[PDB]
Amino acid sequence: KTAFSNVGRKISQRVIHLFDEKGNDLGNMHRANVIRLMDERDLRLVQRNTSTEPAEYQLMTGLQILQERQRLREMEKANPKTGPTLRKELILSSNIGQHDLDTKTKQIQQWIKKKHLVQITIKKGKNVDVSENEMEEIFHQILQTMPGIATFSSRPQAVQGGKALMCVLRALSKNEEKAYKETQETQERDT
Amino acid sequence: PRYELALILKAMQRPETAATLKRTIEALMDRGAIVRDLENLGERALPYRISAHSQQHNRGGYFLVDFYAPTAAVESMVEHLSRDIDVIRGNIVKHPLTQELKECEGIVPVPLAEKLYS
Amino acid sequence: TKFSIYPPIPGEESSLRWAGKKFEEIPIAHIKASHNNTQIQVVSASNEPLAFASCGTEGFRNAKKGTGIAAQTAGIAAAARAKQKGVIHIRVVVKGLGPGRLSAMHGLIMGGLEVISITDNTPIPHXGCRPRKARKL
Amino acid sequence: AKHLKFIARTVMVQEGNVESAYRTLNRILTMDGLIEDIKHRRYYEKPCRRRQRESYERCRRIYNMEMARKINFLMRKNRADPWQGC
RNA sequence: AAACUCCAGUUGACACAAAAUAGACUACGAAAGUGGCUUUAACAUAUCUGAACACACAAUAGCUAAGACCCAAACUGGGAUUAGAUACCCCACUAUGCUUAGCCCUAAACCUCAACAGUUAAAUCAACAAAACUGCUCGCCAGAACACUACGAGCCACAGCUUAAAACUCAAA
Ligand SMILES: [K+]
Ligand SMILES: [K+]
Ligand SMILES: [Mg+2]
Ligand SMILES: [Mg+2]
Ligand SMILES: [Mg+2]
Ligand SMILES: [Mg+2]
Ligand SMILES: [Mg+2]
Ligand SMILES: [Mg+2]
Ligand SMILES: [Mg+2]
Ligand SMILES: [Mg+2]
Ligand SMILES: [Mg+2]
Ligand SMILES: [Mg+2]
Ligand SMILES: [Mg+2]
Ligand SMILES: [Mg+2]
Ligand SMILES: [Mg+2]
Ligand SMILES: [Mg+2]
Ligand SMILES: [Mg+2]
Ligand SMILES: [Mg+2]
Ligand SMILES: [Mg+2]
């Protein structure tokens, strides 16, 4: 995380683009001169933008730093963007039992309702040789439990020289979900 | 039995301090106590700040009242002291001079084996 | 006279003085040395705040706040704001066994303040609130 | 809280030697058991665990005192060999 | 990282919560338990032994009702870790821990040593624990597993407690 707080007296860079407490642009200056300003005016230094090639810092009072920090947290509460997508993964075997596959299927379902990405790998079993098409059946069994709740993010693909298949499942987009409801309703009208 | 009342009074002038003691000794007598002596231990700074009856205290008058009373008088007297606004802290203990100290020959050595064994 | 590590008792007549001020009149540097931070407040004998600095207000974040060099920097910052207000001699009252317990005092000295006494006021309950359960590590 | 301040756990600094004053204060708090007390109080020690450690500490102290006494007693004969060659 | 930002520090006021140091002590009580202060009441038996069920008790957890609520905290929620993490790690908060009145009647309720009396000479004694035994009495045990289970009965207990088998199986345990 990046916090809106006083950077301190030790500034990372040597050349610093500085602004005034009122926003007046003071231009670029050396960090040694900035520390002298912070002491002469009794002000603290915050980092407003780092993307700019010349590092941009602004002088601010403790009261201002508080108001901005309060402002920002009122925006994020109003607009809490879910930034990270978490890639959960399950390595399965071809000879997995039904009780174990039913347990791992329920686990996959809970990951999809949380809007995660589920990478499913299926590997050849111990003492067992299987047709690569048979391994692909498990993917369709897992997804069949989630008819209108999930779909192939990446379709089944052979990996490790064909020894083990791979896949990625995802939650259906809102548009794809309304389409499924529509198609399902049309079938209801037909029947 | 014989009791000892350790009485810490609000720091006051002589007239109000005497009125508090008389009012306190009469409360003992009203409950059947036979008052034996009254000792002044002097006004001093309290070992810590004491809040009593919506006031903060840093000094107090320390007094002792040696008296005999029935066992039922203690409970009633403790209640009386809780309501007197001029009393900072009042405690009734069994008089220490009633308990006779048993004679001691000395420090008998204790075997170390028992220490770890115990 | 021989040196006494025991502080002068208020109300008694001592001969010790610091810039003409008695022990009861020397400002107090309150150092709270926590496990993940160190807070320093300098106050006058009348409880008037004069300077405040912590590892967080000096630009340290997360585990860097819980270091000696962060506390030393917080001490220097509090000393500077206190020296401007006329403070030379201070009584140190430190509560907590954090990493900035001693380093915070060094920073106060490097900042121009003279420590005349050290007091520990680490809270020890005499029986109090139940602490959190032990950690399994 | 209700007591007087700057009496308990207070050490005066001599000749600006703050390091020696801090070591004296830390030695005072250690000898009185406050440092170990503060540390053991960061997390709750359960009563069965406190009894076990208190019992372990009391038996170790006795065992160390008894082992020190034995060596002191048996070090009287550490003098040079009086009958060397025999 | 999340969480908080009417947040933190100093000072003052402030509890129906919990009881540093003493305690390196080894006490009280039938056991369970009992370690801030004061007071009142008060710790059975002038031979011992004597109950799964009689009589009276019995940590923690838990139930029913009404209260208190600092802090801790199952569960739960969030953060992170992970192949997964219904965990360990971080945060929040609840039942609960407290009081009152009723229940429930369990514990590795363990000095893992039944009560009482006696002995230190015999062989000291499988081993380890905790030196080895005698008298006397009650309780209890008779391969493992099934089994702190089934059925019956009793119980304020109703997902419970107490008592407690058999069949099949094994040559061990
Ligand atoms: K206590
Ligand atoms: K045991
Ligand atoms: Mg991953
Ligand atoms: Mg009997
Ligand atoms: Mg019995
Ligand atoms: Mg019987
Ligand atoms: Mg039973
Ligand atoms: Mg019980
Ligand atoms: Mg309860
Ligand atoms: Mg809490
Ligand atoms: Mg979770
Ligand atoms: Mg609660
Ligand atoms: Mg209580
Ligand atoms: Mg026990
Ligand atoms: Mg018996
Ligand atoms: Mg058997
Ligand atoms: Mg059971
Ligand atoms: Mg049963
Ligand atoms: Mg039954």
# chains A, B, ... in the order shown; residues from 1 in each chain; ligands from 1
call {"tool": "interface_residues", "arguments": {"of": "chain E", "to": "chain D", "cutoff": "8 Å", "atoms": "only C-alpha atoms (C1' of nucleotides)", "output": "PyMOL selection string"}}
result
chain E and resi 20-21+24
call {"tool": "residues_near_ligand", "arguments": {"ligand": "ligand 6", "cutoff": "12 Å", "atoms": "only C-alpha atoms (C1' of nucleotides) and all ligand atoms", "output": "list in words"}}
result
residues 50, 51, 52, 53, 54, 138, 139, 140 and 163 of chain E
call {"tool": "write_last_selection", "arguments": {"atoms": "N, CA and C atoms (P, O5', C5', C4', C3', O3' and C1' of nucleotides)", "output": "PDB file, in the first residue's frame"}}
result
ATOM      1  P     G E  50     -13.049 -46.795  54.315  1.00  0.00           P
ATOM      2  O5'   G E  50     -14.529 -47.352  54.121  1.00  0.00           O
ATOM      3  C5'   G E  50     -14.770 -48.592  53.473  1.00  0.00           C
ATOM      4  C4'   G E  50     -16.136 -49.129  53.810  1.00  0.00           C
ATOM      5  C3'   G E  50     -17.314 -48.238  53.441  1.00  0.00           C
ATOM      6  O3'   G E  50     -17.710 -48.389  52.088  1.00  0.00           O
ATOM      7  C1'   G E  50     -17.567 -49.028  55.664  1.00  0.00           C
ATOM      8  P     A E  51     -17.216 -47.359  50.958  1.00  0.00           P
ATOM      9  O5'   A E  51     -18.376 -47.404  49.867  1.00  0.00           O
ATOM     10  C5'   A E  51     -18.642 -48.588  49.120  1.00  0.00           C
ATOM     11  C4'   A E  51     -19.906 -48.466  48.303  1.00  0.00           C
ATOM     12  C3'   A E  51     -20.007 -47.210  47.435  1.00  0.00           C
ATOM     13  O3'   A E  51     -20.753 -47.485  46.247  1.00  0.00           O
ATOM     14  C1'   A E  51     -21.794 -47.247  48.962  1.00  0.00           C
ATOM     15  P     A E  52     -20.296 -48.640  45.227  1.00  0.00           P
ATOM     16  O5'   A E  52     -20.276 -47.923  43.803  1.00  0.00           O
ATOM     17  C5'   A E  52     -19.569 -46.708  43.599  1.00  0.00           C
ATOM     18  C4'   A E  52     -20.212 -45.873  42.524  1.00  0.00           C
ATOM     19  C3'   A E  52     -21.663 -45.489  42.767  1.00  0.00           C
ATOM     20  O3'   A E  52     -21.785 -44.346  43.594  1.00  0.00           O
ATOM     21  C1'   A E  52     -21.406 -46.312  40.556  1.00  0.00           C
ATOM     22  P     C E  53     -22.728 -44.374  44.893  1.00  0.00           P
ATOM     23  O5'   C E  53     -24.187 -44.572  44.297  1.00  0.00           O
ATOM     24  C5'   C E  53     -24.712 -43.668  43.334  1.00  0.00           C
ATOM     25  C4'   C E  53     -26.121 -44.042  42.955  1.00  0.00           C
ATOM     26  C3'   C E  53     -27.058 -44.248  44.141  1.00  0.00           C
ATOM     27  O3'   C E  53     -28.378 -43.824  43.810  1.00  0.00           O
ATOM     28  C1'   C E  53     -26.870 -46.267  42.918  1.00  0.00           C
ATOM     29  P     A E  54     -29.061 -42.652  44.667  1.00  0.00           P
ATOM     30  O5'   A E  54     -28.947 -43.175  46.167  1.00  0.00           O
ATOM     31  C5'   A E  54     -30.019 -43.859  46.797  1.00  0.00           C
ATOM     32  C4'   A E  54     -29.937 -43.712  48.294  1.00  0.00           C
ATOM     33  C3'   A E  54     -29.584 -42.319  48.789  1.00  0.00           C
ATOM     34  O3'   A E  54     -30.718 -41.479  48.881  1.00  0.00           O
ATOM     35  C1'   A E  54     -28.222 -43.924  49.878  1.00  0.00           C
ATOM     36  P     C E 138     -14.245 -56.697  54.002  1.00  0.00           P
ATOM     37  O5'   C E 138     -14.581 -55.549  52.954  1.00  0.00           O
ATOM     38  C5'   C E 138     -15.576 -54.585  53.248  1.00  0.00           C
ATOM     39  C4'   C E 138     -15.363 -53.302  52.486  1.00  0.00           C
ATOM     40  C3'   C E 138     -15.386 -53.398  50.972  1.00  0.00           C
ATOM     41  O3'   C E 138     -16.690 -53.508  50.435  1.00  0.00           O
ATOM     42  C1'   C E 138     -13.574 -52.048  51.641  1.00  0.00           C
ATOM     43  P     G E 139     -16.933 -54.344  49.088  1.00  0.00           P
ATOM     44  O5'   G E 139     -16.278 -53.439  47.955  1.00  0.00           O
ATOM     45  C5'   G E 139     -16.728 -52.113  47.737  1.00  0.00           C
ATOM     46  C4'   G E 139     -15.858 -51.389  46.743  1.00  0.00           C
ATOM     47  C3'   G E 139     -15.555 -52.129  45.453  1.00  0.00           C
ATOM     48  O3'   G E 139     -16.620 -52.094  44.523  1.00  0.00           O
ATOM     49  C1'   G E 139     -13.567 -51.190  46.295  1.00  0.00           C
ATOM     50  P     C E 140     -16.938 -53.383  43.620  1.00  0.00           P
ATOM     51  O5'   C E 140     -15.731 -53.427  42.582  1.00  0.00           O
ATOM     52  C5'   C E 140     -15.399 -52.283  41.813  1.00  0.00           C
ATOM     53  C4'   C E 140     -14.031 -52.407  41.198  1.00  0.00           C
ATOM     54  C3'   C E 140     -13.783 -53.645  40.353  1.00  0.00           C
ATOM     55  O3'   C E 140     -14.337 -53.546  39.053  1.00  0.00           O
ATOM     56  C1'   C E 140     -11.944 -53.290  41.794  1.00  0.00           C
ATOM     57  P     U E 163     -20.016 -45.654  35.197  1.00  0.00           P
ATOM     58  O5'   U E 163     -20.862 -46.999  35.269  1.00  0.00           O
ATOM     59  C5'   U E 163     -21.370 -47.470  36.508  1.00  0.00           C
ATOM     60  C4'   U E 163     -22.470 -48.477  36.306  1.00  0.00           C
ATOM     61  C3'   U E 163     -22.165 -49.618  35.350  1.00  0.00           C
ATOM     62  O3'   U E 163     -21.405 -50.649  35.950  1.00  0.00           O
ATOM     63  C1'   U E 163     -24.302 -48.727  34.867  1.00  0.00           C
TER      64        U E 163
END
call {"tool": "residues_around", "arguments": {"residues": "stretch 70-83 of chain E", "least_positions_apart": "4", "cutoff": "8 Å", "atoms": "only C-alpha atoms (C1' of nucleotides)", "output": "JSON, numbers by chain"}}
result
{"A": [89, 90, 91], "C": [129, 130, 131, 132, 133], "E": [1, 2, 15, 17, 89, 90, 91, 92, 94, 95, 96]}
call {"tool": "interface_residues", "arguments": {"of": "chain A", "to": "chain C", "cutoff": "7 Å", "atoms": "only C-alpha atoms", "output": "PyMOL selection string"}}
result
chain A and resi 6-8
call {"tool": "residues_around", "arguments": {"residues": "residue B:78", "least_positions_apart": "5", "cutoff": "12 Å", "atoms": "only C-alpha atoms (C1' of nucleotides)", "output": "NGL selection string"}}
result
(:B and (5-7 or 24 or 27-28 or 31 or 72-73 or 83-84 or 87 or 89-93)) or (:E and (38-39))
call {"tool": "write_last_selection", "arguments": {"atoms": "C-alpha atoms (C1' of nucleotides)", "output": "PDB file, in the first residue's frame"}}
result
ATOM      1  CA  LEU B   5     -10.869   1.978  64.173  1.00  0.00           C
ATOM      2  CA  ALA B   6      -8.252   3.505  61.866  1.00  0.00           C
ATOM      3  CA  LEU B   7      -9.825   6.829  60.905  1.00  0.00           C
ATOM      4  CA  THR B  24     -17.957   9.514  65.308  1.00  0.00           C
ATOM      5  CA  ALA B  27     -22.042   6.715  66.698  1.00  0.00           C
ATOM      6  CA  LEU B  28     -19.951   3.969  68.300  1.00  0.00           C
ATOM      7  CA  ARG B  31     -24.368   1.082  68.674  1.00  0.00           C
ATOM      8  CA  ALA B  72     -23.123  -6.900  65.235  1.00  0.00           C
ATOM      9  CA  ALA B  73     -21.949  -3.311  65.794  1.00  0.00           C
ATOM     10  CA  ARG B  83     -22.046   8.303  54.790  1.00  0.00           C
ATOM     11  CA  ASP B  84     -20.005  10.807  56.831  1.00  0.00           C
ATOM     12  CA  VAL B  87     -14.294  10.778  56.747  1.00  0.00           C
ATOM     13  CA  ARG B  89     -11.304   6.337  54.831  1.00  0.00           C
ATOM     14  CA  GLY B  90     -12.377   4.377  57.894  1.00  0.00           C
ATOM     15  CA  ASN B  91     -11.503   0.760  58.672  1.00  0.00           C
ATOM     16  CA  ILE B  92     -12.384  -1.345  61.718  1.00  0.00           C
ATOM     17  CA  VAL B  93      -9.912  -4.113  62.557  1.00  0.00           C
TER      18      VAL B  93
ATOM     19  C1'   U E  38     -11.786  -5.662  56.532  1.00  0.00           C
ATOM     20  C1'   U E  39     -15.278  -7.803  59.634  1.00  0.00           C
TER      21        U E  39
END
call {"tool": "interface_residues", "arguments": {"of": "chain E", "to": "chain B", "cutoff": "12 Å", "atoms": "only C-alpha atoms (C1' of nucleotides)", "output": "NGL selection string"}}
result
:E and (12-14 or 24-26 or 37-41 or 111 or 130)
